[PDB]
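>>> once you've seen the sequence and the experimental structure below, I've got questions.
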Amino acid sequence: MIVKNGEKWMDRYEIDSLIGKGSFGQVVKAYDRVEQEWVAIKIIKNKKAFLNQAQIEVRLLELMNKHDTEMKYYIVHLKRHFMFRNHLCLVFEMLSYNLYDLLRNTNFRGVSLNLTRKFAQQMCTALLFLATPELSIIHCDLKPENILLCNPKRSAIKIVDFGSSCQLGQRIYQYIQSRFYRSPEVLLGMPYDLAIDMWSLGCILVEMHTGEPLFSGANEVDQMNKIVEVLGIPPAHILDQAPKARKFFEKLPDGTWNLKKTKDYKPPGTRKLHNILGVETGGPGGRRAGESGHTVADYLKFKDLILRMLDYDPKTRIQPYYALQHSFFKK
Ligand SMILES: Cc1nc(N)c2c(C#N)c(-c3cccnc3)[nH]c2n1
Ligand SMILES: [Cl-]
Ligand SMILES: [Cl-]
């Protein structure tokens, strides 16, 4: 499309500037003369594939909007949508910069355990809202870039980008989530549920504090190998029901599984989250040695919560309500 600054749409919106680009199209800053406020307009490409998937995004945002709870306010607000020049246009409140930009601004050294906690509490409350039975929405693409500050002065956040999202039992794609944040059940080709967003969140929170992705795989095989370095071989009962188990693993006579190895990873379960976090060693790279709010006891609570979020079994992985009751969140 490539929209000029100064362009006026429908005697209502004046286009200012490009905010961002994506596979879906583009996000522009625009002035709404009716509400008298700035808005972010997500402009979908005029191609059937992108239109049809953005129509699901619009449906799921409208579904969330009509459930006024108190847990609804960690999702970006869709104000309205329209068709213009054969592009579906989604009008959102303006938010600020994203949590990947936040990490880039720390030179990838991470934010404090106290700021990590504030993000974790908001995100767990968002996931509790999506798990409302009448919604049952799987975000499917949680990552730092898809979490935006509400205000550059403040630590409030909202989730954006429901472009991959589906309701439970309305799955389209087997291959979903951004690779670094992709759950073992998705890597293993298994039917997925809301628990894949909790996996992503556990990956996200470690990264927000260390500055670096927990599992930075170059491809699905490297991904699973990096998860196994930290968490060990997945349980047999999961691998036994997994269509893609033999992408990564090999079963042996006695009903046990091991990695397929290629040409020359740390042995399974030996890259300890205890050491990645630096629980007993002054935090990541020892850079938090001495800082208040970064005691061993504070770290052990964080580590415990993360290891519950990174349960291989989506049935036993911690769920949002129970994550909100964790000791990590008690003052
Ligand atoms: C400044 C700003 N405000 C927003 N509301 C969004 C917004 C939304 N919703 C997205 C976005 C990014 C990726 C995919 N879809 C939407 N970028 C944004 N920037
Ligand atoms: Cl990232
Ligand atoms: Cl996806």
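Cool, got the structure. Numbering: from 1, shown residues only. Ligands and ions are numbered 1, 2, ... in the order given.
>>> and residue 74, how far is that from residue 260?
As judged by CB to CB, to the nearest Å, residue 74 and residue 260 stand 40 Å apart. No exception for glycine: its C-beta is placed from N, CA and C like everyone else's.
>>> hmm, I typed the wrong one, I wanted residue 254.
According to CB to CB, residue 254 and residue 260 sit 18 Å apart.
>>> just to revisit the earlier point, what about residue 74 and residue 260, which has more around it?
Each of residue 74 and residue 260 has its neighbours counted (other CB atoms under 10 Å); residue 74 has more, 21 against 12.
>>> how about the residues of the stretch 201-331 of the chain near ligand 3?
For the stretch 201-331 of the chain, no residues are found near ligand 3 under the criterion CB under 5 Å from the ion.
>>> for the stretch 201-331 of the chain, give the residue positioned nearest to ligand 1.
Nearest residue of the stretch 201-331 of the chain to ligand 1 (CB to the nearest ligand atom) works out as residue 204 at 15.7 Å.
>>> you'd agree that residue is in a strand?
No - going by DSSP: H, G, I helix; E, B strand; the rest coil, the assignment for residue 204 is helix, not a strand.
>>> what about it, how many neighbours?
Neighbours of residue 204 (other CB under 10 Å): 24.
>>> ignoring the adjacent residues along the chain, who's closest to it?
Closest residue to residue 204 apart from its sequence neighbours, by CB to CB, 6 or more residues apart in numbering: residue 144 at 6.1 Å.
>>> residues contacting residue 90?
Shown in contact with residue 90 (CB atoms under 8 Å, 6 or more residues apart in numbering): 41-42, 44, 54, 57-58, 61, 78, 81.
>>> with residue 195 instead?
Residues in contact with residue 195 (CB under 8 Å, 6+ apart) are 183, 185, 314-315, 317, 319.
>>> residue 177 and ligand 1, how far apart?
Plainly put, residue 177 is 15 Å away from ligand 1 if you go by CB to the nearest ligand atom, to the nearest Å.
>>> same question but for residue 80, I mixed them up
Residue 80 sits 13 Å away from ligand 1, taking CB to the nearest ligand atom as the criterion.
>>> surely residue 155 meets residue 149?
Yes - taking contacts as CB atoms under 8 Å, residue 155 lies within contact range of residue 149: 7.5 Å.
>>> higher neighbour count, those two?
Higher neighbour count among residue 155 and residue 149: residue 149, with 19 against 14, using other CB under 10 Å.
>>> so the one residue in the stretch 1-150 of the chain that gets nearest to ligand 3, which of the three states?
For the stretch 1-150 of the chain and ligand 3, the shortest gap (CB to the ion) falls at residue 141, measuring 4.6 Å. The local conformation at residue 141, judged by three-state DSSP, is coil.
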